[PDB]
């Protein structure tokens, strides 16, 4: 079990109703560069980041995907190191409540991430896992249960109304 070194929170709304807080524990001794990127995007300290962004793709019994604060539809986002950065460690395995980098092939992490809600071992070795949910799995449940339309887009927006570093 990787060790949790820092924690960040997201306060979620669904179509504007508050639905609670998720707290994500980060594995900062194992993937320090990936964890730095996520923290700073959660604090917004570079002038951009997660606050006000959405979970644009939600699949029940699979994952919820967010972090695209540039285009809001899964095509965008950016790291603190520029557009994209390399895979830090691909040895940490997925598990229920893992928090992991979306990508588009090797070494293309940006700001997009997912929280799994069931086992996803077919992603292992392919996406960098850098954290886990340590509180608010109930809230993660609500999100994965919203009504969705075309390409798994929630009908009501699922917003990170606020976030930051605990």
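Residue numbers count along the first chain shown, from 1.
- Mean CA temperature factor is higher for 66 to 74 when stretches 66 to 74 and 124 to 132 are set side by side in the entry.
- The PDB entry assigns residue 44 a C-alpha temperature factor belonging to the lowest third of its chain's modelled residues.
- Among the modelled residues of the chain, residue 90 sits in the highest third by CA temperature factor in this PDB entry.
- Per-chain ranking of the deposited C-alpha B factor places residue 53 in the middle third.
- Per the PDB record, residue ranking by Cα B-factor puts residue 24 in the middle third of the chain.
- Per the deposited record, the Cα B-factor of residue 119 falls in the highest third when ranked against the other modelled residues of its chain.
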